[PDB]
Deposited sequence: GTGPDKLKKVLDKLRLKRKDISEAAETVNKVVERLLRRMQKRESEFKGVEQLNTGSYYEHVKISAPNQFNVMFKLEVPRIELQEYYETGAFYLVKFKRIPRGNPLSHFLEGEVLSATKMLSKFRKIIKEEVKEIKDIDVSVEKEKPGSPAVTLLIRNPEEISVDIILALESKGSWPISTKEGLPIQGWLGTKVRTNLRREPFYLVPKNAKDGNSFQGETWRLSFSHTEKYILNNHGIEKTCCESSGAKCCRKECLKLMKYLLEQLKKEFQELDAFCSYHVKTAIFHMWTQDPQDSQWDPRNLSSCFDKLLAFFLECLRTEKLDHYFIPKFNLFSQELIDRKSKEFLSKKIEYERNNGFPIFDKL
């Protein structure tokens, strides 16, 4: 049933190999150019993030997220109008440290370097306003897009917006939380305007995805398999499928599904609440949770509790009612959309 769906979604070893080899070529070349050229980004380091590197990528290895992170000295942040997630930055050519001005130069560089690649078919997608990414389109023989995300790395204690965030205490525990919060935090040039950066915990999300159990042995070779990741895949696929069919759902993205499942994993911390034999119940309880988020217009950022991704501002009630009717439908008709 849903086992058969996960079979469909499962990536092919062959395709992983071919995608990776090409992506790594282009990324390595870009990374060397930021260093080898005596550029503004000299110290930059590679941090692979998102679904491919979390092993929750579905259908195809056709989308990759890579952070080019740059350790900067001390930087006083100032919260930008109480959102919790957006800040200005303060204290070489990009002055306040402007996101746009810095992203632009980052982009100019990438575009130059891509233009001198004749070993593989790779263009740079037109820029999306207030996206932090520079997006590459590889044609390979098949379509693969890579988001290259500039990131400022800060070693200070995390912002206060995140104090009550990351509520993993009853699940992954207090030591894990304290350790995670000793890791640096990241700022990416996603604008809200043009000088605003945004907090990133892609590194933390990646740790969580690969260390998701209350038992240390969850999903290891001498432990028991859970169905936590499988539920994430199924949920993402339901959203992808709906999204490709209904333009009404443009406001929604997979980060919403990811955020909600982090909350469900917190609410139901036991590995035995995610037994593979109960995949149907688990997926269903996840759907029930997501619908409650829509109904109540409430889905708090997992790291920044005061930041509501389902506020009226970001997403219209109509959009939410629309998605609810569509989820309710698929749920009460045996998920016919999984058959396209």
What ranges of the deposited sequence, counted from 1, have no C-alpha atoms in this structure?
1-5, 97-105, 110-112, 210-215, 364
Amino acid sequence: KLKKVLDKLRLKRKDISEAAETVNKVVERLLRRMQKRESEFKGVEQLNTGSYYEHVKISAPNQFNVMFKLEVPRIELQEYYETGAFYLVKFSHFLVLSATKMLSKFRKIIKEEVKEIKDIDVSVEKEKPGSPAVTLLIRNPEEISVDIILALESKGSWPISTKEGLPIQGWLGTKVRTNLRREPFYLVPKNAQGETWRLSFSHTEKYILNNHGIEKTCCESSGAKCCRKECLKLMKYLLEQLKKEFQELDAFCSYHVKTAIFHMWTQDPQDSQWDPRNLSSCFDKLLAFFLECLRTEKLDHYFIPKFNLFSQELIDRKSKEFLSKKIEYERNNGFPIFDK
From here on, numbers count along this sequence of modelled residues.
Taking only the CA atoms, which stretch has the higher mean B-factor in the record, 123-131 or 161-169?
123-131
Mean temperature factor over C-alpha atoms, higher-scoring stretch between 256-264 and 104-112:
104-112
Comparing C-alpha B-factors across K236, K243, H203, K118 in this entry, the winner is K118
Based on the PDB entry, the highest CA temperature factor among the options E230, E195, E215, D147 is that of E195
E220 - Cα temperature factor, lowest/middle/highest third of chain:
lowest
Tell me, lowest, middle or highest third: where does the Cα B factor of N179 rank within its chain?
lowest
Third of chain Cα B-factors occupied by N308
middle
According to the PDB entry, is the CA B factor of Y53 in the bottom, middle or top third of its chain, that is, lowest, middle or highest?
lowest
Lowest, middle or highest third: where is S39 by Cα B-factor in its chain?
highest
